[PDB]
$ cat data30.pdb   # PDB, C-alpha atoms and all ligand atoms
MODEL        1
ATOM      1  CA  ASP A   2     -39.294 -35.751  94.461  1.00  0.00           C
ATOM      2  CA  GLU A   3     -35.627 -35.800  93.475  1.00  0.00           C
ATOM      3  CA  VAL A   4     -32.562 -33.823  94.446  1.00  0.00           C
ATOM      4  CA  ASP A   5     -30.302 -31.731  92.163  1.00  0.00           C
TER       5      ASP A   5
ATOM      6  CA  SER B  29     -39.431  19.912  85.914  1.00  0.00           C
ATOM      7  CA  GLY B  30     -40.467  19.017  89.462  1.00  0.00           C
ATOM      8  CA  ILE B  31     -38.750  16.987  92.168  1.00  0.00           C
ATOM      9  CA  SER B  32     -37.170  13.768  90.908  1.00  0.00           C
ATOM     10  CA  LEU B  33     -36.300  10.528  92.715  1.00  0.00           C
ATOM     11  CA  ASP B  34     -33.814   7.839  91.691  1.00  0.00           C
ATOM     12  CA  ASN B  35     -34.681   4.863  93.918  1.00  0.00           C
ATOM     13  CA  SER B  36     -35.788   2.480  91.132  1.00  0.00           C
ATOM     14  CA  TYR B  37     -33.962   1.042  88.128  1.00  0.00           C
ATOM     15  CA  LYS B  38     -34.840   2.523  84.743  1.00  0.00           C
ATOM     16  CA  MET B  39     -36.889  -0.259  83.138  1.00  0.00           C
ATOM     17  CA  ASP B  40     -38.292   1.626  80.128  1.00  0.00           C
ATOM     18  CA  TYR B  41     -35.433   1.157  77.699  1.00  0.00           C
ATOM     19  CA  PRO B  42     -36.766  -0.017  74.304  1.00  0.00           C
ATOM     20  CA  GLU B  43     -36.121  -3.653  75.352  1.00  0.00           C
ATOM     21  CA  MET B  44     -36.415  -5.359  78.733  1.00  0.00           C
ATOM     22  CA  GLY B  45     -33.349  -7.418  77.789  1.00  0.00           C
ATOM     23  CA  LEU B  46     -32.254 -10.999  77.259  1.00  0.00           C
ATOM     24  CA  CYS B  47     -33.473 -13.985  79.256  1.00  0.00           C
ATOM     25  CA  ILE B  48     -30.987 -16.829  78.711  1.00  0.00           C
ATOM     26  CA  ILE B  49     -32.345 -20.175  79.967  1.00  0.00           C
ATOM     27  CA  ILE B  50     -29.798 -23.007  80.203  1.00  0.00           C
ATOM     28  CA  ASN B  51     -31.726 -26.266  80.637  1.00  0.00           C
ATOM     29  CA  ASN B  52     -29.423 -29.195  81.399  1.00  0.00           C
ATOM     30  CA  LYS B  53     -31.417 -32.425  81.561  1.00  0.00           C
ATOM     31  CA  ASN B  54     -29.150 -35.167  80.153  1.00  0.00           C
ATOM     32  CA  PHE B  55     -25.521 -35.527  81.198  1.00  0.00           C
ATOM     33  CA  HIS B  56     -22.643 -37.424  79.613  1.00  0.00           C
ATOM     34  CA  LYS B  57     -22.651 -40.996  80.896  1.00  0.00           C
ATOM     35  CA  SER B  58     -19.015 -40.746  82.052  1.00  0.00           C
ATOM     36  CA  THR B  59     -19.950 -38.014  84.561  1.00  0.00           C
ATOM     37  CA  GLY B  60     -22.317 -40.346  86.393  1.00  0.00           C
ATOM     38  CA  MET B  61     -24.893 -37.558  86.806  1.00  0.00           C
ATOM     39  CA  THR B  62     -28.547 -38.587  86.627  1.00  0.00           C
ATOM     40  CA  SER B  63     -31.080 -37.117  84.223  1.00  0.00           C
ATOM     41  CA  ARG B  64     -33.109 -34.245  85.677  1.00  0.00           C
ATOM     42  CA  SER B  65     -36.699 -35.309  85.085  1.00  0.00           C
ATOM     43  CA  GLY B  66     -39.124 -32.404  85.310  1.00  0.00           C
ATOM     44  CA  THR B  67     -36.633 -29.778  84.168  1.00  0.00           C
ATOM     45  CA  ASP B  68     -38.411 -29.343  80.818  1.00  0.00           C
ATOM     46  CA  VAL B  69     -41.515 -28.267  82.758  1.00  0.00           C
ATOM     47  CA  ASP B  70     -39.323 -25.672  84.464  1.00  0.00           C
ATOM     48  CA  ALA B  71     -37.820 -24.444  81.198  1.00  0.00           C
ATOM     49  CA  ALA B  72     -41.219 -24.125  79.478  1.00  0.00           C
ATOM     50  CA  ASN B  73     -42.703 -22.288  82.468  1.00  0.00           C
ATOM     51  CA  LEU B  74     -39.765 -19.854  82.574  1.00  0.00           C
ATOM     52  CA  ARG B  75     -39.934 -19.207  78.833  1.00  0.00           C
ATOM     53  CA  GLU B  76     -43.637 -18.289  79.019  1.00  0.00           C
ATOM     54  CA  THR B  77     -43.250 -16.313  82.265  1.00  0.00           C
ATOM     55  CA  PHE B  78     -40.417 -14.129  80.994  1.00  0.00           C
ATOM     56  CA  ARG B  79     -42.038 -13.847  77.553  1.00  0.00           C
ATOM     57  CA  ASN B  80     -44.983 -12.132  79.230  1.00  0.00           C
ATOM     58  CA  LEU B  81     -42.557  -9.788  81.023  1.00  0.00           C
ATOM     59  CA  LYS B  82     -41.348  -8.835  77.490  1.00  0.00           C
ATOM     60  CA  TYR B  83     -37.906 -10.442  77.776  1.00  0.00           C
ATOM     61  CA  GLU B  84     -36.183 -11.725  74.636  1.00  0.00           C
ATOM     62  CA  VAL B  85     -35.971 -15.358  75.750  1.00  0.00           C
ATOM     63  CA  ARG B  86     -33.331 -17.769  74.431  1.00  0.00           C
ATOM     64  CA  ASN B  87     -33.635 -21.408  75.526  1.00  0.00           C
ATOM     65  CA  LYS B  88     -30.564 -23.657  75.356  1.00  0.00           C
ATOM     66  CA  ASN B  89     -30.625 -27.383  76.120  1.00  0.00           C
ATOM     67  CA  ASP B  90     -27.918 -29.787  77.330  1.00  0.00           C
ATOM     68  CA  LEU B  91     -24.820 -27.573  77.068  1.00  0.00           C
ATOM     69  CA  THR B  92     -21.308 -28.750  77.849  1.00  0.00           C
ATOM     70  CA  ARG B  93     -19.196 -26.713  80.251  1.00  0.00           C
ATOM     71  CA  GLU B  94     -17.376 -25.321  77.189  1.00  0.00           C
ATOM     72  CA  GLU B  95     -20.633 -24.316  75.485  1.00  0.00           C
ATOM     73  CA  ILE B  96     -21.902 -22.644  78.672  1.00  0.00           C
ATOM     74  CA  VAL B  97     -18.760 -20.516  79.027  1.00  0.00           C
ATOM     75  CA  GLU B  98     -18.708 -19.524  75.348  1.00  0.00           C
ATOM     76  CA  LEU B  99     -22.433 -18.711  75.409  1.00  0.00           C
ATOM     77  CA  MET B 100     -22.021 -16.402  78.415  1.00  0.00           C
ATOM     78  CA  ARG B 101     -18.924 -14.832  76.853  1.00  0.00           C
ATOM     79  CA  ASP B 102     -20.760 -14.182  73.578  1.00  0.00           C
ATOM     80  CA  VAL B 103     -23.876 -12.787  75.279  1.00  0.00           C
ATOM     81  CA  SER B 104     -21.797 -10.501  77.518  1.00  0.00           C
ATOM     82  CA  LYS B 105     -20.124  -9.100  74.373  1.00  0.00           C
ATOM     83  CA  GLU B 106     -23.429  -8.093  72.762  1.00  0.00           C
ATOM     84  CA  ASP B 107     -24.503  -4.452  72.847  1.00  0.00           C
ATOM     85  CA  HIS B 108     -27.065  -4.177  75.669  1.00  0.00           C
ATOM     86  CA  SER B 109     -27.321  -0.366  75.378  1.00  0.00           C
ATOM     87  CA  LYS B 110     -31.001  -0.525  74.382  1.00  0.00           C
ATOM     88  CA  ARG B 111     -31.842  -3.121  77.077  1.00  0.00           C
ATOM     89  CA  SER B 112     -33.110  -2.489  80.620  1.00  0.00           C
ATOM     90  CA  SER B 113     -31.682  -5.577  82.320  1.00  0.00           C
ATOM     91  CA  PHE B 114     -30.186  -9.044  81.848  1.00  0.00           C
ATOM     92  CA  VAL B 115     -31.529 -12.385  83.111  1.00  0.00           C
ATOM     93  CA  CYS B 116     -29.848 -15.795  83.142  1.00  0.00           C
ATOM     94  CA  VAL B 117     -31.564 -18.946  84.421  1.00  0.00           C
ATOM     95  CA  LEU B 118     -29.430 -22.016  85.173  1.00  0.00           C
ATOM     96  CA  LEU B 119     -31.164 -25.404  85.611  1.00  0.00           C
ATOM     97  CA  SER B 120     -28.679 -28.195  86.336  1.00  0.00           C
ATOM     98  CA  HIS B 121     -26.931 -30.271  88.930  1.00  0.00           C
ATOM     99  CA  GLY B 122     -24.626 -28.296  91.179  1.00  0.00           C
ATOM    100  CA  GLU B 123     -22.831 -27.925  94.449  1.00  0.00           C
ATOM    101  CA  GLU B 124     -21.769 -24.878  96.415  1.00  0.00           C
ATOM    102  CA  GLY B 125     -20.479 -22.330  93.907  1.00  0.00           C
ATOM    103  CA  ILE B 126     -20.767 -24.674  90.918  1.00  0.00           C
ATOM    104  CA  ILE B 127     -23.214 -25.657  88.191  1.00  0.00           C
ATOM    105  CA  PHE B 128     -22.680 -28.592  85.873  1.00  0.00           C
ATOM    106  CA  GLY B 129     -22.333 -28.660  82.151  1.00  0.00           C
ATOM    107  CA  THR B 130     -23.306 -31.961  80.595  1.00  0.00           C
ATOM    108  CA  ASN B 131     -19.639 -33.086  80.776  1.00  0.00           C
ATOM    109  CA  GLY B 132     -18.385 -31.383  83.941  1.00  0.00           C
ATOM    110  CA  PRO B 133     -18.579 -28.416  86.299  1.00  0.00           C
ATOM    111  CA  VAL B 134     -18.489 -24.664  85.755  1.00  0.00           C
ATOM    112  CA  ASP B 135     -17.658 -22.195  88.520  1.00  0.00           C
ATOM    113  CA  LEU B 136     -20.624 -19.854  88.906  1.00  0.00           C
ATOM    114  CA  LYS B 137     -18.074 -17.038  89.367  1.00  0.00           C
ATOM    115  CA  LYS B 138     -16.676 -17.720  85.883  1.00  0.00           C
ATOM    116  CA  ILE B 139     -20.184 -17.284  84.458  1.00  0.00           C
ATOM    117  CA  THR B 140     -21.076 -14.116  86.341  1.00  0.00           C
ATOM    118  CA  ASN B 141     -17.637 -12.488  85.888  1.00  0.00           C
ATOM    119  CA  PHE B 142     -18.437 -11.888  82.196  1.00  0.00           C
ATOM    120  CA  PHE B 143     -21.091  -9.373  83.334  1.00  0.00           C
ATOM    121  CA  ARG B 144     -18.887  -7.488  85.817  1.00  0.00           C
ATOM    122  CA  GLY B 145     -19.284  -3.719  85.553  1.00  0.00           C
ATOM    123  CA  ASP B 146     -15.847  -3.403  83.998  1.00  0.00           C
ATOM    124  CA  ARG B 147     -16.305  -6.309  81.562  1.00  0.00           C
ATOM    125  CA  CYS B 148     -19.835  -5.575  80.261  1.00  0.00           C
ATOM    126  CA  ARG B 149     -20.040  -1.798  79.954  1.00  0.00           C
ATOM    127  CA  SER B 150     -23.494  -1.679  78.342  1.00  0.00           C
ATOM    128  CA  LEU B 151     -24.994  -3.333  81.437  1.00  0.00           C
ATOM    129  CA  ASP B 152     -23.368  -0.863  83.870  1.00  0.00           C
ATOM    130  CA  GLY B 153     -25.933   0.303  86.413  1.00  0.00           C
ATOM    131  CA  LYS B 154     -28.430  -2.216  85.057  1.00  0.00           C
ATOM    132  CA  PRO B 155     -29.775  -5.160  87.075  1.00  0.00           C
ATOM    133  CA  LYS B 156     -28.126  -8.501  86.249  1.00  0.00           C
ATOM    134  CA  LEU B 157     -30.255 -11.397  87.510  1.00  0.00           C
ATOM    135  CA  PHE B 158     -29.015 -14.966  87.902  1.00  0.00           C
ATOM    136  CA  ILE B 159     -31.667 -17.551  88.805  1.00  0.00           C
ATOM    137  CA  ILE B 160     -30.143 -20.882  89.832  1.00  0.00           C
ATOM    138  CA  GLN B 161     -32.053 -24.147  90.239  1.00  0.00           C
ATOM    139  CA  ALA B 162     -29.216 -26.484  91.318  1.00  0.00           C
ATOM    140  CA  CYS B 163     -27.951 -28.100  94.495  1.00  0.00           C
ATOM    141  CA  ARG B 164     -25.517 -26.210  96.716  1.00  0.00           C
ATOM    142  CA  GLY B 165     -24.334 -29.263  98.642  1.00  0.00           C
ATOM    143  CA  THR B 166     -25.903 -32.327 100.230  1.00  0.00           C
ATOM    144  CA  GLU B 167     -27.484 -31.039 103.432  1.00  0.00           C
ATOM    145  CA  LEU B 168     -31.161 -31.767 104.039  1.00  0.00           C
ATOM    146  CA  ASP B 169     -33.527 -29.503 105.985  1.00  0.00           C
ATOM    147  CA  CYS B 170     -35.504 -31.598 108.495  1.00  0.00           C
ATOM    148  CA  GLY B 171     -37.823 -28.668 109.231  1.00  0.00           C
ATOM    149  CA  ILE B 172     -39.628 -27.965 112.476  1.00  0.00           C
ATOM    150  CA  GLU B 173     -43.332 -28.294 113.245  1.00  0.00           C
ATOM    151  CA  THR B 174     -45.176 -24.975 113.577  1.00  0.00           C
TER     152      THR B 174
ATOM    153  CA  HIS C 185     -17.348   8.478  89.903  1.00  0.00           C
ATOM    154  CA  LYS C 186     -16.941   4.681  89.957  1.00  0.00           C
ATOM    155  CA  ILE C 187     -19.331   1.870  90.826  1.00  0.00           C
ATOM    156  CA  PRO C 188     -18.182  -1.521  92.172  1.00  0.00           C
ATOM    157  CA  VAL C 189     -17.741  -4.159  89.482  1.00  0.00           C
ATOM    158  CA  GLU C 190     -19.864  -6.519  91.631  1.00  0.00           C
ATOM    159  CA  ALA C 191     -22.722  -4.003  91.949  1.00  0.00           C
ATOM    160  CA  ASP C 192     -26.187  -4.555  90.423  1.00  0.00           C
ATOM    161  CA  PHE C 193     -26.191  -8.368  90.500  1.00  0.00           C
ATOM    162  CA  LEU C 194     -28.955 -10.449  92.026  1.00  0.00           C
ATOM    163  CA  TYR C 195     -28.622 -14.198  92.599  1.00  0.00           C
ATOM    164  CA  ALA C 196     -31.959 -15.929  93.197  1.00  0.00           C
ATOM    165  CA  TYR C 197     -30.788 -19.285  94.563  1.00  0.00           C
ATOM    166  CA  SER C 198     -33.306 -22.119  94.821  1.00  0.00           C
ATOM    167  CA  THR C 199     -31.861 -23.287  98.151  1.00  0.00           C
ATOM    168  CA  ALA C 200     -29.738 -22.212 101.118  1.00  0.00           C
ATOM    169  CA  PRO C 201     -25.921 -22.556 101.068  1.00  0.00           C
ATOM    170  CA  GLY C 202     -24.793 -26.137 101.585  1.00  0.00           C
ATOM    171  CA  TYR C 203     -28.179 -27.743 100.865  1.00  0.00           C
ATOM    172  CA  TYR C 204     -29.761 -29.981  98.296  1.00  0.00           C
ATOM    173  CA  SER C 205     -32.444 -28.445  96.096  1.00  0.00           C
ATOM    174  CA  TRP C 206     -35.623 -30.364  95.301  1.00  0.00           C
ATOM    175  CA  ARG C 207     -37.065 -31.076  91.857  1.00  0.00           C
ATOM    176  CA  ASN C 208     -40.266 -33.006  91.217  1.00  0.00           C
ATOM    177  CA  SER C 209     -40.104 -35.202  88.124  1.00  0.00           C
ATOM    178  CA  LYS C 210     -43.776 -34.573  87.296  1.00  0.00           C
ATOM    179  CA  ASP C 211     -44.323 -30.976  88.447  1.00  0.00           C
ATOM    180  CA  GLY C 212     -40.920 -29.331  87.994  1.00  0.00           C
ATOM    181  CA  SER C 213     -38.711 -27.915  90.718  1.00  0.00           C
ATOM    182  CA  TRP C 214     -40.237 -26.438  93.869  1.00  0.00           C
ATOM    183  CA  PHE C 215     -38.369 -23.159  93.368  1.00  0.00           C
ATOM    184  CA  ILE C 216     -38.976 -22.577  89.659  1.00  0.00           C
ATOM    185  CA  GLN C 217     -42.665 -23.426  89.825  1.00  0.00           C
ATOM    186  CA  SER C 218     -43.107 -21.078  92.792  1.00  0.00           C
ATOM    187  CA  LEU C 219     -41.034 -18.347  91.140  1.00  0.00           C
ATOM    188  CA  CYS C 220     -43.079 -18.437  87.935  1.00  0.00           C
ATOM    189  CA  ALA C 221     -46.350 -18.398  89.891  1.00  0.00           C
ATOM    190  CA  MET C 222     -45.337 -15.336  91.904  1.00  0.00           C
ATOM    191  CA  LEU C 223     -43.971 -13.514  88.854  1.00  0.00           C
ATOM    192  CA  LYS C 224     -47.265 -14.249  87.065  1.00  0.00           C
ATOM    193  CA  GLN C 225     -49.336 -12.984  89.986  1.00  0.00           C
ATOM    194  CA  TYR C 226     -47.222 -10.053  91.211  1.00  0.00           C
ATOM    195  CA  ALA C 227     -44.857  -8.703  88.529  1.00  0.00           C
ATOM    196  CA  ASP C 228     -47.285  -5.885  87.679  1.00  0.00           C
ATOM    197  CA  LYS C 229     -47.683  -5.092  91.409  1.00  0.00           C
ATOM    198  CA  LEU C 230     -44.646  -5.750  93.636  1.00  0.00           C
ATOM    199  CA  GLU C 231     -40.970  -4.852  93.760  1.00  0.00           C
ATOM    200  CA  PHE C 232     -38.797  -7.841  92.846  1.00  0.00           C
ATOM    201  CA  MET C 233     -37.413  -8.479  96.359  1.00  0.00           C
ATOM    202  CA  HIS C 234     -40.975  -8.664  97.670  1.00  0.00           C
ATOM    203  CA  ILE C 235     -41.859 -11.098  94.869  1.00  0.00           C
ATOM    204  CA  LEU C 236     -38.878 -13.284  95.809  1.00  0.00           C
ATOM    205  CA  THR C 237     -39.937 -13.123  99.460  1.00  0.00           C
ATOM    206  CA  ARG C 238     -43.335 -14.531  98.424  1.00  0.00           C
ATOM    207  CA  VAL C 239     -41.393 -17.257  96.599  1.00  0.00           C
ATOM    208  CA  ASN C 240     -39.466 -18.011  99.813  1.00  0.00           C
ATOM    209  CA  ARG C 241     -42.710 -18.398 101.758  1.00  0.00           C
ATOM    210  CA  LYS C 242     -44.381 -20.524  99.069  1.00  0.00           C
ATOM    211  CA  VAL C 243     -41.457 -22.969  98.910  1.00  0.00           C
ATOM    212  CA  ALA C 244     -41.091 -23.004 102.714  1.00  0.00           C
ATOM    213  CA  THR C 245     -44.752 -23.693 103.474  1.00  0.00           C
ATOM    214  CA  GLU C 246     -46.285 -25.640 100.571  1.00  0.00           C
ATOM    215  CA  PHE C 247     -43.595 -28.261  99.796  1.00  0.00           C
ATOM    216  CA  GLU C 248     -42.217 -31.266 101.674  1.00  0.00           C
ATOM    217  CA  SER C 249     -40.398 -34.242 100.150  1.00  0.00           C
ATOM    218  CA  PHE C 250     -41.943 -37.710  99.945  1.00  0.00           C
ATOM    219  CA  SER C 251     -39.503 -40.615  99.782  1.00  0.00           C
ATOM    220  CA  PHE C 252     -39.389 -44.327 100.479  1.00  0.00           C
ATOM    221  CA  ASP C 253     -35.837 -43.600 101.706  1.00  0.00           C
ATOM    222  CA  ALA C 254     -35.901 -42.332 105.295  1.00  0.00           C
ATOM    223  CA  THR C 255     -32.775 -40.261 104.619  1.00  0.00           C
ATOM    224  CA  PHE C 256     -34.629 -38.183 102.002  1.00  0.00           C
ATOM    225  CA  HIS C 257     -38.187 -38.204 103.391  1.00  0.00           C
ATOM    226  CA  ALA C 258     -40.145 -35.293 104.902  1.00  0.00           C
ATOM    227  CA  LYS C 259     -37.517 -32.659 104.065  1.00  0.00           C
ATOM    228  CA  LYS C 260     -38.068 -28.915 103.607  1.00  0.00           C
ATOM    229  CA  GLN C 261     -36.431 -26.178 101.546  1.00  0.00           C
ATOM    230  CA  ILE C 262     -35.874 -22.428 101.838  1.00  0.00           C
ATOM    231  CA  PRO C 263     -34.574 -20.479  98.806  1.00  0.00           C
ATOM    232  CA  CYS C 264     -31.837 -17.862  99.211  1.00  0.00           C
ATOM    233  CA  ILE C 265     -32.014 -14.317  97.773  1.00  0.00           C
ATOM    234  CA  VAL C 266     -28.569 -12.712  97.383  1.00  0.00           C
ATOM    235  CA  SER C 267     -28.823  -9.037  96.417  1.00  0.00           C
ATOM    236  CA  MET C 268     -26.059  -6.661  95.354  1.00  0.00           C
ATOM    237  CA  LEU C 269     -28.668  -4.438  93.690  1.00  0.00           C
ATOM    238  CA  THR C 270     -28.514  -0.701  94.349  1.00  0.00           C
ATOM    239  CA  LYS C 271     -32.106   0.189  93.420  1.00  0.00           C
ATOM    240  CA  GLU C 272     -35.619  -1.203  93.569  1.00  0.00           C
ATOM    241  CA  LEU C 273     -36.581  -3.346  90.567  1.00  0.00           C
ATOM    242  CA  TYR C 274     -40.080  -3.209  89.067  1.00  0.00           C
ATOM    243  CA  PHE C 275     -40.749  -5.122  85.864  1.00  0.00           C
ATOM    244  CA  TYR C 276     -43.384  -2.534  84.873  1.00  0.00           C
ATOM    245  CA  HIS C 277     -42.867   1.176  84.214  1.00  0.00           C
ATOM    246  CA  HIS C 278     -44.720   4.508  83.850  1.00  0.00           C
TER     247      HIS C 278
HETATM  248 CL    CL D   1     -38.236 -33.100  81.894  1.00  0.00          CL
HETATM  249 CL    CL D   2     -23.591  -2.304  87.199  1.00  0.00          CL
ENDMDL
END

$ encode --input "data30.pdb" --output "structure tokens" --more "lines below"
Ligand SMILES: [Cl-]
Ligand SMILES: [Cl-]
Amino acid sequence: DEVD
Amino acid sequence: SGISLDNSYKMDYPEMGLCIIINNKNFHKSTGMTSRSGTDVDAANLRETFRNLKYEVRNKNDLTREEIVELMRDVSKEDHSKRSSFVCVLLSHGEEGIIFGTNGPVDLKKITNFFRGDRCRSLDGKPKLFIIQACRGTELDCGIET
Amino acid sequence: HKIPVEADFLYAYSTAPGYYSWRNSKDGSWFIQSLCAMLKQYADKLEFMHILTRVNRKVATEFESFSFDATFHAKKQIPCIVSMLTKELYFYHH
């Protein structure tokens, strides 16, 4: 899970 | 004929329209933006999904801010008379009101302004869809138990 | 005789104003993978706003972040439909  | 109703967009033009997918995965090192692992899965999924809806899909990878603006300008100057709609998918970093080219930001308003009713006449009265996978800031939703 | 120049746009945002948006490096982004699934299942059946509402519920219920960093762990996401459309939108016809 990563953020944009 | 009989009674007619006008509550739904006419979607039986000869073409559904364009689906422009802008897939920004790798960013210029000087920007300090990380690579967006998993975005190719998104782009492939969208290509297949809109292909089966009969959109004319165009995939573009790793565009600078300049290339994004020129691409939208060029597409908005095509003749969409025979097309039912227009779709643009943006996959990139972003913040509120902004999406990133590989070398810097683009105002979302600059992108969508090309398709304004007065600037793209052949899309007048036709649905113009912008699908945006990008951050809109740095807030996090903690959620609440149900 | 005139329509607004801002009429007939729809912005399907992956996340609410001000928020991060989540992307899984293996599976793709929460929003795009839910959007494609609901288009696949419902584009021959539902009006587009109702499809996007199914996307909202799928993202809201089925996803939660996992992180070793307590700042980024156990977080949720709601997408954000912004409609200036003036008619219903069905991808099918006849
Ligand atoms: Cl990828
Ligand atoms: Cl319009």

$ residues_near_point --input "data30.pdb" --point "(-31.8, -13.4, 81.0)" --cutoff "8 Å" --atoms "all atoms listed in the file" --output "list in words"
residues 45, 46, 47, 48, 49, 83, 84, 85, 113, 114, 115, 116, 117, 157 and 158 of chain B

$ residues_near_ligand --input "data30.pdb" --ligand "ligand CL 2 (chain D)" --cutoff "12 Å" --atoms "all atoms listed in the file" --output "PDB file with C-alpha atoms, in the coordinates of the input"
ATOM      1  CA  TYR B  37     -33.962   1.042  88.128  1.00  0.00           C
ATOM      2  CA  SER B 112     -33.110  -2.489  80.620  1.00  0.00           C
ATOM      3  CA  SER B 113     -31.682  -5.577  82.320  1.00  0.00           C
ATOM      4  CA  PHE B 114     -30.186  -9.044  81.848  1.00  0.00           C
ATOM      5  CA  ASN B 141     -17.637 -12.488  85.888  1.00  0.00           C
ATOM      6  CA  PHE B 142     -18.437 -11.888  82.196  1.00  0.00           C
ATOM      7  CA  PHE B 143     -21.091  -9.373  83.334  1.00  0.00           C
ATOM      8  CA  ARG B 144     -18.887  -7.488  85.817  1.00  0.00           C
ATOM      9  CA  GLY B 145     -19.284  -3.719  85.553  1.00  0.00           C
ATOM     10  CA  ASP B 146     -15.847  -3.403  83.998  1.00  0.00           C
ATOM     11  CA  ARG B 147     -16.305  -6.309  81.562  1.00  0.00           C
ATOM     12  CA  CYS B 148     -19.835  -5.575  80.261  1.00  0.00           C
ATOM     13  CA  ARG B 149     -20.040  -1.798  79.954  1.00  0.00           C
ATOM     14  CA  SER B 150     -23.494  -1.679  78.342  1.00  0.00           C
ATOM     15  CA  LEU B 151     -24.994  -3.333  81.437  1.00  0.00           C
ATOM     16  CA  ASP B 152     -23.368  -0.863  83.870  1.00  0.00           C
ATOM     17  CA  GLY B 153     -25.933   0.303  86.413  1.00  0.00           C
ATOM     18  CA  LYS B 154     -28.430  -2.216  85.057  1.00  0.00           C
ATOM     19  CA  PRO B 155     -29.775  -5.160  87.075  1.00  0.00           C
ATOM     20  CA  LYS B 156     -28.126  -8.501  86.249  1.00  0.00           C
ATOM     21  CA  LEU B 157     -30.255 -11.397  87.510  1.00  0.00           C
TER      22      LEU B 157
ATOM     23  CA  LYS C 186     -16.941   4.681  89.957  1.00  0.00           C
ATOM     24  CA  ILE C 187     -19.331   1.870  90.826  1.00  0.00           C
ATOM     25  CA  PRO C 188     -18.182  -1.521  92.172  1.00  0.00           C
ATOM     26  CA  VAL C 189     -17.741  -4.159  89.482  1.00  0.00           C
ATOM     27  CA  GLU C 190     -19.864  -6.519  91.631  1.00  0.00           C
ATOM     28  CA  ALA C 191     -22.722  -4.003  91.949  1.00  0.00           C
ATOM     29  CA  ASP C 192     -26.187  -4.555  90.423  1.00  0.00           C
ATOM     30  CA  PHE C 193     -26.191  -8.368  90.500  1.00  0.00           C
ATOM     31  CA  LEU C 194     -28.955 -10.449  92.026  1.00  0.00           C
ATOM     32  CA  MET C 268     -26.059  -6.661  95.354  1.00  0.00           C
ATOM     33  CA  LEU C 269     -28.668  -4.438  93.690  1.00  0.00           C
ATOM     34  CA  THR C 270     -28.514  -0.701  94.349  1.00  0.00           C
ATOM     35  CA  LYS C 271     -32.106   0.189  93.420  1.00  0.00           C
TER      36      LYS C 271
END

$ residues_near_ligand --input "data30.pdb" --ligand "ligand CL 1 (chain D)" --cutoff "8 Å" --atoms "all atoms listed in the file" --output "PyMOL selection string"
(chain B and resi 53+64-70) or (chain C and resi 209-210+212)

$ resolve_selection --input "data30.pdb" --expression "the PyMOL selection byres (((chain C and resi 259) around 12) and not hetatm)" --output "PDB file with C-alpha atoms, in the coordinates of the input"
ATOM      1  CA  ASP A   2     -39.294 -35.751  94.461  1.00  0.00           C
ATOM      2  CA  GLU A   3     -35.627 -35.800  93.475  1.00  0.00           C
ATOM      3  CA  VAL A   4     -32.562 -33.823  94.446  1.00  0.00           C
TER       4      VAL A   4
ATOM      5  CA  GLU B 167     -27.484 -31.039 103.432  1.00  0.00           C
ATOM      6  CA  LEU B 168     -31.161 -31.767 104.039  1.00  0.00           C
ATOM      7  CA  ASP B 169     -33.527 -29.503 105.985  1.00  0.00           C
ATOM      8  CA  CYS B 170     -35.504 -31.598 108.495  1.00  0.00           C
ATOM      9  CA  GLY B 171     -37.823 -28.668 109.231  1.00  0.00           C
ATOM     10  CA  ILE B 172     -39.628 -27.965 112.476  1.00  0.00           C
ATOM     11  CA  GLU B 173     -43.332 -28.294 113.245  1.00  0.00           C
TER      12      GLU B 173
ATOM     13  CA  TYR C 203     -28.179 -27.743 100.865  1.00  0.00           C
ATOM     14  CA  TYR C 204     -29.761 -29.981  98.296  1.00  0.00           C
ATOM     15  CA  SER C 205     -32.444 -28.445  96.096  1.00  0.00           C
ATOM     16  CA  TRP C 206     -35.623 -30.364  95.301  1.00  0.00           C
ATOM     17  CA  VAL C 243     -41.457 -22.969  98.910  1.00  0.00           C
ATOM     18  CA  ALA C 244     -41.091 -23.004 102.714  1.00  0.00           C
ATOM     19  CA  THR C 245     -44.752 -23.693 103.474  1.00  0.00           C
ATOM     20  CA  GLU C 246     -46.285 -25.640 100.571  1.00  0.00           C
ATOM     21  CA  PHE C 247     -43.595 -28.261  99.796  1.00  0.00           C
ATOM     22  CA  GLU C 248     -42.217 -31.266 101.674  1.00  0.00           C
ATOM     23  CA  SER C 249     -40.398 -34.242 100.150  1.00  0.00           C
ATOM     24  CA  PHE C 250     -41.943 -37.710  99.945  1.00  0.00           C
ATOM     25  CA  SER C 251     -39.503 -40.615  99.782  1.00  0.00           C
ATOM     26  CA  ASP C 253     -35.837 -43.600 101.706  1.00  0.00           C
ATOM     27  CA  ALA C 254     -35.901 -42.332 105.295  1.00  0.00           C
ATOM     28  CA  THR C 255     -32.775 -40.261 104.619  1.00  0.00           C
ATOM     29  CA  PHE C 256     -34.629 -38.183 102.002  1.00  0.00           C
ATOM     30  CA  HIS C 257     -38.187 -38.204 103.391  1.00  0.00           C
ATOM     31  CA  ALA C 258     -40.145 -35.293 104.902  1.00  0.00           C
ATOM     32  CA  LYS C 260     -38.068 -28.915 103.607  1.00  0.00           C
ATOM     33  CA  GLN C 261     -36.431 -26.178 101.546  1.00  0.00           C
ATOM     34  CA  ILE C 262     -35.874 -22.428 101.838  1.00  0.00           C
TER      35      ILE C 262
END

$ resolve_selection --input "data30.pdb" --expression "the PyMOL selection byres ((chain B) within 6 of (chain A))" --output "list in words"
residues 121, 162 and 163 of chain B

$ atom_distance --input "data30.pdb" --atom1 "atom CA of residue B:54" --atom2 "atom CA of residue B:89"
8.9 Å

$ atom_distance --input "data30.pdb" --atom1 "atom CA of residue B:119" --atom2 "atom CA of residue C:240"
18.0 Å

$ resolve_selection --input "data30.pdb" --expression "the PyMOL selection byres (((chain C and resi 264) around 7) and not hetatm)" --output "NGL selection string"
:C and (196-200 or 262-263 or 265-266)
